[PDB]
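Chemist: This block holds the first chain(s) of the complex, placed as they are in the complex; more will follow:
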Amino acid sequence: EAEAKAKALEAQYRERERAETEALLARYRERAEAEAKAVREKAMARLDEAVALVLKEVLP
């Protein structure tokens, strides 16, 4: 029964581990998509300026 009880632990140990680690991914990924967007968004506004600047070096 010291083996048995521990067997009963194991289930949960794999399950809870699975469920959470798998869940952690959801949280990260779906936040990754978002955070990726937010550096795009910072640029969007002040973006034009970049083109303008870059264009200016190349032009003469």
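Modeler: On my side now, so go ahead. Residues are numbered from 1 along each chain as shown, chains lettered A, B, ... in the order given.
Chemist: C-terminal to the longest helix seen in chain A, what's the next element?
Modeler: Longest helix in chain A by number of residues (criterion: DSSP state H): helix A:2-45. Following the chain from helix A:2-45 toward its C-terminal end, the next helix or strand by DSSP states H and E is helix A:48-58.
Chemist: Between helix A:2-45 and that following helix, find me the angle.
Modeler: 60 degrees (axes from the mean of the first three to the mean of the last three Cα atoms, to 10 degrees).
Chemist: helices or strands next to helix A:48-58 in the packing?
Modeler: Applying 3 or more Cβ pairs under 8 Å, 6 or more residues apart in numbering; DSSP states H and E, we find helix A:48-58 packed against no helix or strand. The way it works is simple: take the backbone N, C-alpha and C, and place the C-beta from them, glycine included.
Chemist: Put this one in as chain B:
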Amino acid sequence: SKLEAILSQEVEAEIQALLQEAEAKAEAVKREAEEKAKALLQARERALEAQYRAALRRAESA
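Modeler: Once chain B is put in with the chains from before, the structure reads:
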């Protein structure tokens, strides 16, 4: 008669000594188990938790 009475007198206390030895021999079997079962299961609790958390941690590292 009394002669064989001494033969009696010898046996009865021995019956009790078989028992006293015996009593200790059941109890010890019982107690060998008590510590052993408790002590492995602790280790297997331990082990299972760590073998979980460090994965989730490493997952956090992802």
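Chemist: does any part of the longest helix of chain A sit near chain B?
Modeler: Yes: residues of helix A:2-45 are located near chain B by Cβ under 8 Å from any Cβ of the partner chain, namely A:2-3, A:5-6, A:9-10, A:13, A:16-17, A:20-21, A:24-25, A:28.
Chemist: quick check, nearest of those residues to residue A:50?
Modeler: Checking these against residue A:50 by Cβ to Cβ gives residue A:28 as the nearest, at 30.0 Å.
Chemist: Name all residues that make contact with that closest one.
Modeler: residue B:62 (Cβ atoms under 8 Å, 6 or more residues apart in numbering or on different chains).
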